[PDB]
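Peer 1: My questions will all concern the structure given below.
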Amino acid sequence: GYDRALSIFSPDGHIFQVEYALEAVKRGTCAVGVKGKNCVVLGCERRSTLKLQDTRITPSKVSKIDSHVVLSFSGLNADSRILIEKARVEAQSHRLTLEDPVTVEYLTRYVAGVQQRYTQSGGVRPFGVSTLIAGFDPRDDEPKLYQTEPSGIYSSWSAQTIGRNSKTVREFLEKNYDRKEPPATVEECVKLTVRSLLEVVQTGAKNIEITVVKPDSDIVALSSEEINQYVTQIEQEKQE
Amino acid sequence: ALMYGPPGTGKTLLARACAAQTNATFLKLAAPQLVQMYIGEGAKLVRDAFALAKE
Amino acid sequence: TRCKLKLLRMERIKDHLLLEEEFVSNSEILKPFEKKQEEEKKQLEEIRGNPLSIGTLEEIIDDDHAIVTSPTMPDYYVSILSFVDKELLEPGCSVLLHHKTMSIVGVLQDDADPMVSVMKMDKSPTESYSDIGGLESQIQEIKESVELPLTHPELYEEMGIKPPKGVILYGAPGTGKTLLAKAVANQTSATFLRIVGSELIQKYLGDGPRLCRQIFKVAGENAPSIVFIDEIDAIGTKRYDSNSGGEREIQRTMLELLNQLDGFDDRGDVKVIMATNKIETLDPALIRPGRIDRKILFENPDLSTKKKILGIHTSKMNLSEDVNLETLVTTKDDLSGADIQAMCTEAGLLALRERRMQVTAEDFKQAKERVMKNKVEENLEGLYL
Amino acid sequence: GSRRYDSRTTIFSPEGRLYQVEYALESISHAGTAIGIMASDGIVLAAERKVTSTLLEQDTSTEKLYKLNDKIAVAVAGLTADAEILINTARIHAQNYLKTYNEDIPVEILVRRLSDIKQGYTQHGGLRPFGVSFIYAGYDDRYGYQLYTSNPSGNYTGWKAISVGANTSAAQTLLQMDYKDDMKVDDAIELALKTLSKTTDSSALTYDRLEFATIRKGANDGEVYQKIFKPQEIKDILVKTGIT
Amino acid sequence: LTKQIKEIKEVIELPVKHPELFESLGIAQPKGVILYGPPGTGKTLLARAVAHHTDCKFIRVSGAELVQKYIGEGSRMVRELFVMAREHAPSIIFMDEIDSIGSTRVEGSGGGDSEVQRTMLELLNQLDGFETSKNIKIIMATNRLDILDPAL
Amino acid sequence: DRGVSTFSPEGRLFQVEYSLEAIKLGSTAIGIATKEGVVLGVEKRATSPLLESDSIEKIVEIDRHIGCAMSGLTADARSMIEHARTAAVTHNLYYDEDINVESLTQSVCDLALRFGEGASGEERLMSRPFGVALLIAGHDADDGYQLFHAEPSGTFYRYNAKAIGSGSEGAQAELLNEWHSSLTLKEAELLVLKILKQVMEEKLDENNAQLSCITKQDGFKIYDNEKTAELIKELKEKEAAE
Amino acid sequence: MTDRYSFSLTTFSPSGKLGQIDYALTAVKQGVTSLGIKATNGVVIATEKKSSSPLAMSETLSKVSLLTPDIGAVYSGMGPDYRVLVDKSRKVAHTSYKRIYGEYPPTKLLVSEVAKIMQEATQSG
Amino acid sequence: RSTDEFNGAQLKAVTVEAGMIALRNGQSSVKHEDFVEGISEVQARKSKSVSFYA
Amino acid sequence: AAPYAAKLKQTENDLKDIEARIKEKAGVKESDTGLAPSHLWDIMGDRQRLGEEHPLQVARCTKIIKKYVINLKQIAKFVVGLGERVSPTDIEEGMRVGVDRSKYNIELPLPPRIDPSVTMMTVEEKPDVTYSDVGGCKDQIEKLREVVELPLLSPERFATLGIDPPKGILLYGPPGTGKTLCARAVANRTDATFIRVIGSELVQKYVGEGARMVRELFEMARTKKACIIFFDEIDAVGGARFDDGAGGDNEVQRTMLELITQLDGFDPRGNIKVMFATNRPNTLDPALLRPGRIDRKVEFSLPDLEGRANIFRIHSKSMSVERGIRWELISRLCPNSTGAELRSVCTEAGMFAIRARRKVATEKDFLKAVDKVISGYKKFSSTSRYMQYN
Ligand SMILES: Nc1ncnc2c1ncn2[C@@H]1O[C@H](COP(=O)(O)OP(=O)(O)OP(=O)(O)O)[C@@H](O)[C@H]1O
Ligand SMILES: Nc1ncnc2c1ncn2[C@@H]1O[C@H](COP(=O)(O)OP(=O)(O)OP(=O)(O)O)[C@@H](O)[C@H]1O
Ligand SMILES: Nc1ncnc2c1ncn2[C@@H]1O[C@H](COP(=O)(O)OP(=O)(O)OP(=O)(O)O)[C@@H](O)[C@H]1O
Ligand SMILES: Nc1ncnc2c1ncn2[C@@H]1O[C@H](COP(=O)(O)OP(=O)(O)O)[C@@H](O)[C@H]1O
Ligand SMILES: [Mg+2]
Ligand SMILES: [Mg+2]
Ligand SMILES: [Mg+2]
Ligand SMILES: [Mg+2]
C-alpha cells in the first residue's frame with residue numbers, strides 16, 4: 001500500500017533523505033576504531049553515565065555478530081537492533097550452505113547491502129546508521145577494519161571514527177598513527193585508543209568501553225580497573 | 001466590436017488605420033488611464049469621456 | 001587613576017580659556033571684522049527683511065527662475081535674485097522666499113527628519129576588539145576589507161586592482177557575530193549606519209522599496225560608511241498577512257537590496273556588513289562573489305580558544321584562589337560562547353540571593369548546573385531515538 | 001493527488017530527528033506518573049493513577065499494573081487502549097517461548113521483542129507510533145532482579161531506578177538523593193510513597209489514586225511471588241509512613 | 001502573591017538604584033525579563049506596582065496606533081520610543097506581545113507583536129552608554145514563554 | 001513533489017534531467033576503445049590518507065570478457081552490477097556461448113527504465129533512480145572490440161571513446177583532437193593517463209588511479225599496481241624530451 | 001479502485017494528543033443523554049427517545065440492545081456507528097467465546113473485545 | 001512555405017533581419033539568399049537543449 | 001580605593017558641565033551662500049525684486065474655448081486672456097501658465113506638468129565604465145553596437161536599404177557576465193541620453209500610482225531626441241499573464257498594462273532605443289517578449305575557456321605582476337567561472353600579497369588564491385533548491 005517516493009531527487013543532484021540520514025548519525029554517540037598489526041580495538045564512549053543506571057544488563061554499543069566478527073554502531077540506537085539481527089541470520093545461513101565462517105569482506109557487503117536496499121523501496125526511510133565492522137579472516141591473522149554508510153558505500157580503513165565530534169579524533173589520528181608503522185603490540189595499540197577517546201570524553205575511565213578482538217575468536221572486554229590503570233598511566237606520562 | 005487572439009495579428013494596427021481613413025471622428029483612449037489613485041476621479045473620467053462623445 | 005585626571009584637567013583649562021577669549025573678540029576686538037562685517041550683515045538683512053517664508057523647490061529654470069511650491073499650497077513662479085548661489089539649488093531643497101514678492105533670497109535650509117534619525121546612530125560602543133578575542137583570525141579578514149584601504153591607501157595602489165567589497169557573517173549561533181560587528185565600527189570610527197532587516201517589511205505595501213533607497217542616499221552622503229544589516233535572515237519569515245509578506249513583499253526587498261549594493265547607480269563608498277544565520281535563503285545575486293568578496297565562516301570554538309574566551313568574562317567577577325577556571329572549559333565539549341556568557345551572569349545572580357559578595361569556586365560550579373538544565377530540559381529526546 | 005493528503009510520518013526532518021516520535025514522547029508526559037525502584041530484596045512497582053473521580057471503583061480496576069506471566073509485571077504509561085494491544089501481544093510471545101523450551105522466557109528476551117515491535121511502526125508503513133512506555137519488572141535465575149524501560153521509539157535501557165509520565169525530572173532528582181543500594185523490601189516501600197507524595201498534583205495522596213505491587217524472593221523454598229495489593233492494604237501502609 | 005513580589009524587586013530596582021552592587025559582583029545588567037502565565041493572574045498589575053515605587057513612567061505599548069500620531073505606525077518606531085523614554089527616565093516599556101491571535105500569524109511568522117519586540121531588543125542592547133546603564137527596561141509579557149519565537 | 005508520472009509541459013520527465021546530473025558529480029572515468037585493446041581508467045579519489053586505497057572498487061568484472069567501470073554513486077550501482085552478472089551467466093547456460101556485448105547493455109538499460117509507480121501486483125522494485133553510468137566494454141566475434149555507454153535514461157550509444165564524470169568537458173575536447181584510428185594498445189594506455197592527469201584533482205599517482213584493459217587473449221584483466229607505477233614514470237620521460 | 005489512504009489518517013499533534021480522538025468526544029457530547037446506576041442487585045440503564053415527527057414511530061428502532069442474554073448495552077453519539085458496532089461486537093463475542101468455552105463471555109472480557117475494535121479503527125489507514 | 005507558426009510580428013522580424021545580413025556583407029540590395037537566412041535568426045526558437053534521449 | 005573614589009565623582013559632573021556652553025556659542029555663525037560676486041548682483045536684483053514680474057501664481061489650463069479657461073491649483077476657476085504680446089499658439093491644452101497675481105491675466109506661459117521630478121533624478125551623468133572594459137572581443141558586443149549606436153550615428157546606411165532599423169535589444173543570462181556592465185559601457189560611448197529606471201521603484205499601495213509615473217517618464221523620453229530607456233529588474237512588473245482570483249496581483253498588473261500601451265502606441269515611438277536587462281526570459285511576460293519591441297535579442301554567454309583567457313588580460317595587467325604569467329595557465333585550473341568571479345582571483349591574490357609582505361603579486365600568490373576562492377564560493381548553493389515548478 002505505502003510506496004510513496006521518498007527518494008525524490010534533489011535537482012542539485014542529491015537525495016534529501018540520504019543527506020538527513022548522515023545528519024542523524026552525527027547527532028548520536030561517538031566510536032573510534034584502530035587496527036594494529038595483530039589486533040583490532042573498538043572503543044566507544046557511553047553516555048550511560050548517570051548514577052542509578054545499571055551497565056551489567058544495559059546493552060553495550062559493541063555487539064557480537066559471530067565468533068570472530070564484531071560490530072559497533074553510531075546513530076539511531078532503536079535502529080541498530082535490526083542490523084544486528086540481519087547480520088546474525090546471515091552468519092548462520094553462510095555456514096549452512098557453503099560451510100566455513102564468514103570472511104570479513106563478505107559480511108561487510110552484506111550489511112552494506114541491507115542499507116542500500118531501504119532507499120529502493122518507497123514504503124521505508126533510510127536507516128540513519130553507520131557501523132564499524134571488525135574481525136579476522138577464518139584461520140588467519142589479518143586484521144581487518146571496515147566502516148559502512150547509510151548510503152550503502154563501504155571501504156576498509158587503517159583507523160576511522162564515526163559519530164559526534166569525529167573531526168577532532170580524525171585530526172588527532174593523522175599525526176599519531178603512522179600508515180607504515182602500526183602500534184606494535186596489544187598494549188601499545190590500546191594505550192593509543194584510550195588517548196584518542198580521552199580528547200572528547202574529558203577524562204574519566206568509567207565512561208569508555210574498550211573491547212579487543214584478536215585472531216582465533218578472542219572477543220574480550222577490559223573491566224573498570226584495567227581502564228583506570230591505563231588512564232592513570234597516560235596521566236603520569238602526559239604530566240611529566 | 002471586440003478584437004482578441006494571439007499577439008502579432010495587427011489588432012491594434014488595423015483598427016487605427018481604418019478608423020482615421022473613413023472620416024469618422026477617432027478618439028484615442030487607453031484603459032490604464034481610467035485607473036486612478038484619487039477616490040472618485042476614475043468615475044469622473046468615464047462620465048467625461050462619455051459627455052464629450054455625446055456631442 | 002592619575003593618568004585619566006591629568007588629561008581631563010588639561011582639556012578643562014583649554015575649554016575655559018578658549019571660550020573667554022572667543023567671546024571677548026566677537027564683542028570687543030573688531031578690526032578685520034568691524035566696518036566690513038557691520039555693512040554685510042546690514043545689507044543682507046535689510047534687503048530681504050522678515051518674516052521669510054520657507055518653500056520647497058520642485059524644479060529650476062536656468063534663466064534664473066524656479067517653480068516653488070509652498071507647503072500650504074498656492075504655487076509660485078519666483079525669481080532667483082541677489083545673495084544666492086545656484087550650487088545648492090536642486091530638487092527637494094528648502095529655500096527662503098520673501099513673504100511679499102517671493103524671490104529666492106537664498107538657500108541655507110536643511111531641516112532634520114525623524115526618518116533620518118532611526119537610520120543614523122549616535123552610539124560609541126564601550127567594547128573594542130579584544131573583548132571579542134578568540135576566533136582570532138575571523139576579525140582579521142573583516143579588518144582586511146573595512147579598516148585597511150582607508151588606513152593605507154599605499155598597499156592597494158601598489159598591488160593595483162580594485163579593492164575588496166563587503167562581507168557576510170554566518171555560522172553557528174553563540175559565535176559572537178553581533179559583537180564582532182560592534183567592534184569593526186568602533187575601531188575605524190567611520191560613519192556607522194545600522195538597520196535591522198525586519199524594518200524593511202512593513203504592513204504598508206510597496207513602502208519597502210522607498211525605505212531602503214532612502215537608506216542608501218543618506219549613506220552615500222556621509223561616505224566613507226559601514227552599513228549594518230543585522231539579521232537579514234529575518235526578511236525570510238516576518239510577515240503580517242500573506243501580501244505584506246509572501247512572494248510579493250519578499251521580491252520587493254530583494255530587488256531593492258540588489259540595486260543599492262550594485263546597479264547602474266554607480267554607488268559611492270558603502271561598505272555593507274550583514275549579520276545572518278541563513279545562507280541558504282539569500283538571493284543567488286549576492287553570494288555571487290564579486291559583490292561581496294571573502295565571506296566569513298564561524299563555528300563553535302575549540303577547548304583552547306574557549307580558554308581565551310572565559311578569561312575576558314571572569315576578570316569582571318570577583319577573583320579568588322579557590323576558583324577553578326580551567327575545569328568549566330574542559331568539561332564543555334565544543335559548547336558555544338553565548339552559554340559561557342550566560343554562566344557568569346548566573347554566578348552573580350546566585351551570589352546576590354545569598355547576600356554574599358565574593359565570587360569563588362562554589363558560585364561558578366553552581367551556575368553551570370542552571371545553564372545546562374534549560375537547554376537540556378528543552379531536549380526532549382530523552383532515551384536516544 | 002493523494003500525496004498531498006499524506007502526512008509522511010516516515011520521513012526524517014532536516015534535524016535528522018523523527019518529529020513524529022518526539023510528539024509521542026509528549027503524550028506520555030500528559031499521563032499519570034509511574035516509578036520504578038530496584039532493591040536487592042525485591043522490586044516495588046508503584047504508580048499513581050491519572051484518574052481520580054469519586055465514582056471510580058478502585059477495587060475492581062487494574063489499569064496501570066498488568067501481569068505478563070507469573071514472573072514478570074509491567075507498569076503502563078500513556079494511552080490505555082494502545083497499551084492493551086501491546087500487552088496481549090507480549091502475553092502470547094511469553095507463552096510461545098514456554099511451549100518451545102519448557103523454560104520461562106528470560107527478561108532480556110521479552111523486553112527486546114517488544115522493543116522490536118514498536119520500532120517497526122516507525123520504520124515503514126506510515127503508521128502512527130504507539131503512545132506508550134512501559135516499566136518492566138521481572139525475575140529470573142540469570143541476572144537476578146532486572147528492571148528496564150522502553151519508550152515509543154523502540155529503544156530500551158536498564159536501570160537501578162527510573163520514572164516515566166508527568167514530572168519526570170522532579171521524580172528523578174528525589175530518587176537520586178534518597179536511594180541507597182542496600183534497602184530491604186519494607187524500606188523500599190517507604191521510599192516509593194515518599195517520592196509519590198511530593199510530586200502528586202492533587203493535594204492529597206489517597207489509597208484510591210494509588211496502585212502498588214511487589215515481586216519478592218522472600219517466598220520460601222526458592223520461589224518468587226507476585227502480589228498486587230488490594231485497595232484496602234495500601235490504606236494500611238499509607239498510615240504507616242504517616243501520609244494521613 | 002508574596003514570592004513573585006520579591007523576585008522582580010530584586011532584578012529590576014536593584015541594578016538601577018545601586019549599580020555599585022551589580023558591578024562588584026561583575027554580573028552584566030539584566031536585559032529581558034519574561035512575564036508569563038494564564039490571563040487574569042495579574043501579569044501586568046505586577047509591573048504597575050514596581051513602576052510606582054521606582055518612579056518609572058509605565059508606558060504600555062501594545063501595537064496600538066491610536067496614540068501614535070507622529071509616525072503613525074510602530075512597525076519602524078524604535079528610536080523615537082527610546083528617545084521619549086530616555087528623556088523621561090526612569091521607564092518600564094511593558095511590551096505585551098500577544099502571540100495568541102491564532103495559528104494564522106503566530107505559527108506563520110511568530111506573530112506581528114514579536115516582530116516589533118525583536119527590533120527593539122537588538123538596538124537597545126547597545127545604544128549610547130545605555131547597555132549596562134539602561135533606565136528603559138525591556139519588560140516582556142506573553143501567554144506562555146514557550147509560544148515565543150525560539151530566537152527571542 | 002513532482003511525480004515520476006508527471007510531464008514538464010516541454011515534454012520532459014523531470015526525474016531523467018536530475019539523474020544525468022549525478023553522473024557528473026562522481027569521479028572521472030575515461031574509456032578509449034581502439035582496434036587492439038580497450039583501456040579503462042578511473043580516478044579513485046581517496047578522501048583521507050587513513051583510508052586504504054585498494055578496498056575501493058570502481059573497475060568491476062561482469063564476466064571473463066566483459067569488464068565494466070562505473071561513475072556516480074557506487075551504491076546505486078551495487079544492484080545493477082549483480083543483475084548484469086546473473087544475466088550474462090544465464091545466457092552462458094542457455095546457449096554455451098559468450099553473451100553479445102550489445103545485448104548485455106540492453107538488459108541493464110531495461111532495469112534502468114524501471115523506477116515506476118509499482119501499480120497493481122506489477123514488480124517495479126525501485127521507485128526512483130539509478131544515477132550512475134557504465135562504460136561497458138567487451139570483445140566478441142561479431143564486431144571486434146566494442147564499447148557502450150549506458151545512461152540512467154534507458155538510452156545507450158556505441159562510442160569510439162567517451163569521458164564521463166567531473167572533468168568530462170575538458171577531457172571531451174582533448175579526445176576529439178587526440179583520438180585516432182591508428183592507436184596501438186601501448187599508445188592508448190599512455191594517452192588515457194595523459195587526459196586523466198589534466199582533470200585529476202591530485203597529482204597523477206597509482207594510489208588514486210586504477211587502470212584496466214580487455215585484450216583478446218587475456219580477456220579482462222585489471223593491471224598490477226606495480227605496472228601502473230611504471231607507466232606513470234614513462235609518460236614523464238616522453239614529456240620531458242619535449 | 002486503488003486505495004491510496006494506505007497511510008494512517010491519525011497522527012500526533014505538535015502539541016501532544018491525537019487530534020481526531022479529541023474531536024470524537026465533542027461529537028459524543030452533542031448526543032442524546034443516557035445514564036447508568038449500579039445497584040446492589042441489578043443495574044438500570046435508560047435513555048430518551050428523540051424523533052423527527054410523530055409520524056416516525058420510534059418503537060421499531062431499539063437503542064438498548066442485548067449483546068448476550070446477560071449483557072445489555074446503551075450508547076450516545078453517532079446513531080449509525082452504534083448499528084454496526086453492536087453487530088461487530090455480537091459477532092466476535094460468538095467467534096471467540098461461543099466456540100471456545102460454550103458459555104457466553106464474562107462481562108470484563110466482553111468489554112475488552114469491544115475495546116480492540118476502537119483502538120484499531122485508529123491504527124489502520 | 002519555409003515558415004509555419006510564425007505570427008505577423010515575427011515576419012516583420014524576418015524581413016528587417018535579412019537586410020541587416022545585407023549591411024554586414026556591405027551589399028546595397030538584399031538578395032533572396034538573406035531572407036532565407038534571416039528566418040533562422042528570429043523564430044522564437046533557439047532550442048532549449050540538444051536532445052539527450054528523445 | 002577611597003582616595004580614588006572622590007576623583008570618580010568629579011569626572012562625571014565635569015564632562016557634561018563643559019559640554020553645553022560650547023555648542024550654543026559655535027552656532028552656524030551667520031554663513032549664507034552668495035559670497036563675493038553677490039554684492040554686484042545687489043545693484044541689478046533690487047529693481048527686479050520689487051517688480052511684480054514675480055509672483056505669477058502658477059495655474060494650469062483646463063479648456064481653450066475658441067479667451068482661455070484656467071483652473072488654479074487651489075480649486076477656483078477663472079476666465080483669463082492674452083498678455084503683453086504672447087502668440088495665440090503658445091496656449092495649449094493642459095499646459096501650465098503663470099497669471100498676474102491680482103486680476104488674473106496670462107503674462108508668461110510655462111512648460112508642462114509639474115509631475116516630472118521623480119523622473120529627472122533617474123537620469124545618470126556619463127558613467128565612467130568605458131567601452132573596452134567589457135570582456136572578450138565577442139561578436140555579441142558588436143550586436144549591441146548594431147542595434148543602438150550605429151543607426152543613430154549614421155542613419156544614412158539604414159535609409160538606403162529601406163529597413164525599419166531594429167530598435168530593441170534584450171540582454172539576458174546567468175549573473176556575473178555584466179548585463180549592467182555593457183549597458184553602462186554603451187551609455188559612455190554613444191553620447192545619447194541614458195535614462196535608467198528601476199522597475200521595482202514604481203510599486204506603491206495606491207493603485208495606478210505607478211500609472212502616473214509610467215506616463216510622464218514616457219513623455220520625458222519622447223521630447224529629447226536620441227534616447228535609450230534602460231529598464232533593469234523587470235521581473236517585478238513584467239511577470240507572467242495570470243489571474244490568481246484572490247490575491248493582490250491586481251495592483252501589479254496595472255503598471256504592466258500601462259507599460260504595454262505606450263510602447264506600441266497610437267503615435268509610434270520617436271527615436272527611442274529599448275534595452276532590457278533581465279535575469280531570466282522564463283517568467284517575463286508574453287506581450288513584452290513578442291518580437292517587434294525586442295527586435296534582435298542577444299543572450300550574453302558564460303565565457304568559454306578562450307573567453308576567460310581573454311578576460312584574464314584586463315585584471316592581471318592592471319596589478320603589478322612579474323613577467324611571464326601565462327593567462328592560459330590560471331584559466332585552465334579554474335572550473336567554469338563567470339567573469340565576476342574571475343575578477344576576484346586578482347583581489348584575493350592582492351590581499352595575500354599583503355599578508356605575505358610582498359610589494360609584487362606573483363605567479364605563486366595566484367596559484368594559492370585560485371584554490372581558496374574556487375572551494376569557498378562554490379560550496380553551498382545559496383538556497384540549493386529553487387524549482388518551484390512541478
Ligand atoms: N496581418 C498583418 N499584416 C501585416 N502586418 C502585420 C499583421 N499583423 C501584425 N503585423 C505587423 O506586426 C506589427 C505589430 O502588430 P501590433 O503590435 O499592432 O499587433 P497586436 O495584435 O496588437 O499585437 P500586441 O498588441 O500583442 O503587441 C504591425 O505594426 C504590423 O507591421
Ligand atoms: N569567540 C568569542 N570571543 C569573545 N567573546 C565571545 C565569543 N563568542 C561569544 N562571545 C560573547 O558572547 C556574547 C553574546 O554574543 P552575541 O549576542 O553578540 O552572539 P551572536 O552569535 O551574535 O548570537 P545570535 O546567534 O543570536 O545571532 C557576545 O556579545 C560576546 O562577548
Ligand atoms: N564580461 C566581463 N568582463 C570584465 N568584467 C566583468 C564582466 N562581467 C562582469 N564583470 C565584472 O564583475 C562585476 C559585477 O558584475 P555585474 O554586477 O555587471 O553582474 P550582472 O550581470 O549585472 O548580474 P545581476 O544583474 O543578476 O546581479 C563588474 O563590475 C565587473 O567588474
Ligand atoms: N494579584 C492581584 N491583586 C489584585 N487584583 C488582581 C490580581 N491579579 C489580577 N487581578 C485583577 O484581575 C484583573 C486582571 O489584571 P491584568 O494585570 O490586567 O491581567 P492579564 O494577566 O490578562 O494581563 C484586574 O482587574 C486586576 O485588578
Ligand atoms: Mg495592440
Ligand atoms: Mg546578533
Ligand atoms: Mg496584560
Ligand atoms: Mg544588472
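Chain labels run A, B, ... following the order of the C-alpha cells; each chain numbers its residues from 1, and ligands are numbered from 1 in the order shown.
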If the limit is 6 Å from any atom of ligand 4, counting only C-alpha atoms and all ligand atoms, which residues qualify? Return them as number ranges by chain.
Peer 2: E: 39-45
Peer 1: Quick one: write out the picked residues with C-alpha atoms as a compact mmCIF listing (two decimals), in the first residue's frame?
Peer 2:
# COMPACT_ATOMS: atom_id res chain seq x y z
CA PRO E 39 -4.59 35.61 31.58
CA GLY E 40 -6.21 37.18 34.66
CA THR E 41 -3.31 36.28 37.11
CA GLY E 42 -2.14 39.89 37.18
CA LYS E 43 0.82 39.67 34.76
CA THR E 44 0.55 43.46 34.04
CA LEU E 45 -0.65 44.51 37.50
Peer 1: Need the shell around residue 266 (chain C): protein/DNA/RNA residues with any atom at most 12 Å away, counting only C-alpha atoms. Skip same-chain ones fewer than 4 positions apart. Format as an NGL selection string?
Peer 2: (:C and (220 or 259-262 or 270)) or (:I and (124-129 or 180-181 or 184 or 196))
Peer 1: Suppose we keep N, CA, C and O atoms; can you now write the selection as a tab-separated table (two decimals), in the first residue's frame?
Peer 2:
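Saved file result.tsv follows:
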chain	number	residue	atom	x	y	z
C	220	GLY	N	25.46	57.28	1.16
C	220	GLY	CA	26.37	57.85	0.14
C	220	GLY	C	26.92	59.20	0.42
C	220	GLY	O	27.95	59.58	-0.16
C	259	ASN	N	19.68	46.70	-5.97
C	259	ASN	CA	20.01	47.94	-6.59
C	259	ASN	C	21.01	48.74	-5.76
C	259	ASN	O	21.89	49.38	-6.33
C	260	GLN	N	20.82	48.85	-4.40
C	260	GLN	CA	21.60	49.68	-3.50
C	260	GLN	C	23.07	49.31	-3.53
C	260	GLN	O	23.94	50.20	-3.57
C	261	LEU	N	23.37	48.00	-3.56
C	261	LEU	CA	24.68	47.41	-3.31
C	261	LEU	C	25.48	47.22	-4.61
C	261	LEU	O	26.72	47.22	-4.56
C	262	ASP	N	24.81	47.09	-5.78
C	262	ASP	CA	25.43	47.02	-7.14
C	262	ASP	C	24.28	47.23	-8.17
C	262	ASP	O	23.30	46.47	-8.23
C	270	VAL	N	29.78	52.58	0.01
C	270	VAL	CA	29.05	51.95	1.10
C	270	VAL	C	29.71	50.63	1.21
C	270	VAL	O	29.74	49.80	0.35
I	124	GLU	N	21.24	59.43	-15.15
I	124	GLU	CA	22.64	59.46	-14.70
I	124	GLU	C	23.47	60.29	-15.71
I	124	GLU	O	23.01	60.57	-16.83
I	125	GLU	N	24.66	60.78	-15.26
I	125	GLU	CA	25.54	61.71	-16.00
I	125	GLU	C	26.88	61.04	-16.32
I	125	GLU	O	27.75	60.86	-15.45
I	126	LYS	N	27.06	60.74	-17.59
I	126	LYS	CA	28.09	59.90	-18.19
I	126	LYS	C	28.79	58.99	-17.19
I	126	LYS	O	29.68	59.44	-16.46
I	127	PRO	N	28.42	57.70	-17.17
I	127	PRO	CA	29.22	56.73	-16.43
I	127	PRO	C	30.66	56.70	-16.94
I	127	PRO	O	30.97	57.17	-18.04
I	128	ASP	N	31.52	56.13	-16.11
I	128	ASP	CA	32.98	56.07	-16.27
I	128	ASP	C	33.40	54.70	-16.75
I	128	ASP	O	34.57	54.59	-17.14
I	129	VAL	N	32.59	53.67	-16.70
I	129	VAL	CA	32.85	52.41	-17.39
I	129	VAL	C	33.02	52.75	-18.86
I	129	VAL	O	32.15	53.37	-19.49
I	180	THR	N	24.58	44.78	-16.81
I	180	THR	CA	24.72	46.18	-16.46
I	180	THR	C	26.06	46.69	-16.70
I	180	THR	O	26.28	47.91	-16.77
I	181	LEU	N	27.09	45.81	-16.89
I	181	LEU	CA	28.45	46.25	-17.20
I	181	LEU	C	28.62	46.72	-18.65
I	181	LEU	O	29.50	47.56	-18.92
I	184	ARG	N	26.17	50.23	-19.16
I	184	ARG	CA	26.97	51.41	-18.73
I	184	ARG	C	27.97	51.74	-19.84
I	184	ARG	O	28.20	52.89	-20.08
I	196	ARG	N	18.00	55.58	-16.82
I	196	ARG	CA	17.86	54.36	-16.11
I	196	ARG	C	16.60	54.48	-15.29
I	196	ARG	O	16.17	55.55	-14.90
Peer 1: Work out how far apart CA of residue 6 (chain A) and CA of residue 162 (chain A) are and give it in Å to one decimal.
Peer 2: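 Here the two named atoms are 25.2 Å from each other.
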Peer 1: Determine the nearest neighbour of ligand 6 from the options C:228, C:216, C:156, C:76, counting only C-alpha atoms and all ligand atoms.
Peer 2: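 Closest to ligand 6, using only C-alpha atoms and all ligand atoms: C:228.
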Peer 1: List as a count of residues only the protein and nucleic acid residues lying within 10 Å of ligand 1, with only C-alpha atoms and all ligand atoms counted.
Peer 2: 36
Peer 1: Could you tell me which residues of chain E sit within 8 Å of chain C when counting only C-alpha atoms, and give me the result as a PyMOL selection string?
Peer 2: chain E and resi 22+24-28+75-80+105+108-112+115+119+126-129
Peer 1: Nearest to chain A: which of C:170, C:335, C:350, C:360 is it, counting only C-alpha atoms?
Peer 2: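 Counting only C-alpha atoms, the residue closest to chain A is C:335.
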Peer 1: Given a cut-off of 7 Å, what residues near ligand 8 show up using only C-alpha atoms and all ligand atoms, put as a PDB file with C-alpha atoms, in the first residue's frame?
Peer 2:
ATOM      1  CA  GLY C 263      23.458  48.521 -10.023  1.00  0.00           C
TER       2      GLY C 263
ATOM      3  CA  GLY I 178      27.888  42.030 -16.991  1.00  0.00           C
ATOM      4  CA  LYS I 179      24.285  42.797 -18.281  1.00  0.00           C
ATOM      5  CA  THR I 180      24.717  46.182 -16.462  1.00  0.00           C
ATOM      6  CA  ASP I 232      16.599  46.926 -15.117  1.00  0.00           C
ATOM      7  CA  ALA I 277      18.438  43.671 -18.575  1.00  0.00           C
TER       8      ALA I 277
END
Peer 1: Once DSSP has gone over the backbone, tell me which residues of chain B are in helix (DSSP H, G or I), as a PyMOL selection string.
Peer 2: chain B and resi 11-21+31-33+42-54
Peer 1: Tell me the residues of chain F close to chain H, meaning within 10 Å using only C-alpha atoms, as a PyMOL selection string.
Peer 2: chain F and resi 10-12+16-17+20+151+153-156
Peer 1: Restricting the output to N, CA, C and O atoms, write the selected residues as a compact mmCIF listing (two decimals), in the first residue's frame.
Peer 2:
# COMPACT_ATOMS: atom_id res chain seq x y z
N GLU F 10 7.25 21.12 -21.48
CA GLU F 10 8.21 20.97 -22.54
C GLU F 10 8.14 19.66 -23.22
O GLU F 10 8.38 19.48 -24.41
N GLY F 11 7.75 18.63 -22.43
CA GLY F 11 7.64 17.22 -22.88
C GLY F 11 8.51 16.26 -22.09
O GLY F 11 8.77 15.15 -22.45
N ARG F 12 9.07 16.75 -20.92
CA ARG F 12 10.10 16.02 -20.26
C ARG F 12 9.74 15.54 -18.87
O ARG F 12 8.99 16.30 -18.17
N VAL F 16 14.49 12.34 -15.14
CA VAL F 16 15.63 11.98 -16.02
C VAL F 16 16.65 13.08 -16.03
O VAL F 16 17.87 12.80 -15.95
N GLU F 17 16.26 14.38 -16.10
CA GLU F 17 17.15 15.53 -16.13
C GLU F 17 18.00 15.53 -14.86
O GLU F 17 19.20 15.74 -14.95
N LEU F 20 20.94 12.68 -14.66
CA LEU F 20 22.08 12.90 -15.51
C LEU F 20 22.99 13.92 -14.90
O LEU F 20 24.00 14.23 -15.49
N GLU F 151 23.09 4.96 -19.74
CA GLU F 151 22.62 6.12 -19.02
C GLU F 151 21.62 5.56 -18.04
O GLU F 151 21.36 4.36 -18.00
N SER F 153 18.72 6.92 -18.14
CA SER F 153 17.63 7.16 -19.03
C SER F 153 16.95 5.90 -19.54
O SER F 153 15.73 5.75 -19.42
N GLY F 154 17.78 4.87 -19.91
CA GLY F 154 17.39 3.63 -20.55
C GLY F 154 17.81 3.84 -22.02
O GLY F 154 17.03 3.57 -22.92
N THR F 155 18.97 4.49 -22.32
CA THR F 155 19.35 5.04 -23.58
C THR F 155 20.82 4.74 -23.69
O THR F 155 21.59 5.14 -22.79
N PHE F 156 21.28 4.10 -24.81
CA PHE F 156 22.70 3.84 -24.91
C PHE F 156 23.17 3.99 -26.32
O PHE F 156 22.42 3.71 -27.31
Peer 1: Determine, counting only C-alpha atoms, which protein, DNA and RNA residues have an atom within 12 Å of an atom of residue 12 (chain C); residues of the same chain fewer than 3 positions away are not included. Present the result as number ranges by chain.
Peer 2: C: 5-9, 15-19; I: 11, 14-19, 22
